[PDB]
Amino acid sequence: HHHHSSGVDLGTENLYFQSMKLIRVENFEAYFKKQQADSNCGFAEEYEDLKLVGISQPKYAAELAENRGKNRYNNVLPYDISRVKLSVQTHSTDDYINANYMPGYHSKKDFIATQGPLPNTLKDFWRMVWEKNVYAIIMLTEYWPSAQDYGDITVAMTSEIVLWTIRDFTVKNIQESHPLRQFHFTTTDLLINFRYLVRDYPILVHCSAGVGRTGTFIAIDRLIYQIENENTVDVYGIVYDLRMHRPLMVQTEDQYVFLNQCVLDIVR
């Protein structure tokens, strides 16, 4: 615990000053109207203000020569500070998975946001799932046994209900097993509903780059907790916080604006 003087770390200064924008829930009606005017231009400004948040943070792991083929996109790289570090065997660079711990409402490790695994990273994906005791997966878009072995880990599917759909697997170290529930997702009703569905039961959330839909989902889960326990809304401040842990969370003005659309609904 230390405070910083002005001038040391500009990023830290942004954080103290304008990292957050609280609205009481009983004023969100009036406020949402204000921002959906001149065609969303108010939300476009909040969204533009967030654009540089957290992008100055180091990402050495992700940029090493050996870890190039483990990243789906070159512009979506995990920040060193929040990345998920796997165990090691042959060299340090085994530890790498394009994945970050994201804060939820209750703690900082509530989520792992990650990209949809590559052919050459499926082994690492399941390793991550086992090592970090992952019990739920949220697929927001075929890396699973329709049992298959992936490295030192064996994955068996044990239930499939197609309605979104729900799947149950067992993950086992081939040298001990935990069970897993994956929630596969396929108006704002559907998103809000899909989440309340999910919440009955570290939550790994992936879309394709692990950033747009992934961010919208995590965000809405947090907003809902804040709407039920506090009686307030902070879309700006949640995305800010997500950006401080992984780049591009909520990737388009439309997703940002859409989050706000979901909130406006819950509030009625």
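Heads up: residue numbers just count along the shown sequence, starting at 1.
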Our gap detector needs a label for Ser146 to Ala147. Which class matches the unmodelled residues of the deposited sequence there: none, 1 to 3, 4 to 9, or 10 or more? 1 to 3
Check the residues of the deposited sequence separating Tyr201 from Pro202 and report how many of them have no coordinates, as none, 1 to 3, 4 to 9, or 10 or more. 4 to 9
Got a sec? Mean C-alpha B-factor, which is higher, 187-195 or 74-82? 187-195
Higher-B stretch (mean Cα B-factor, as the entry records it), 14-22 or 253-261: 14-22
Split the chain's modelled residues into thirds by Cα B-factor; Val205 lands in the middle
Sorting the chain's modelled residues by C-alpha B-factor, tell me whether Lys123 ends up in the lowest, middle or highest third. middle
When the modelled residues of the chain are sorted by Cα temperature factor, does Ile224 land in the lowest, middle or highest third? middle
Comparing against every modelled residue in the chain, figure out the third that the C-alpha B-factor of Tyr135 lands in (lowest, middle or highest). highest
Determine, from the deposited record, the chain-internal third of the Cα B-factor for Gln182: lowest, middle or highest. middle
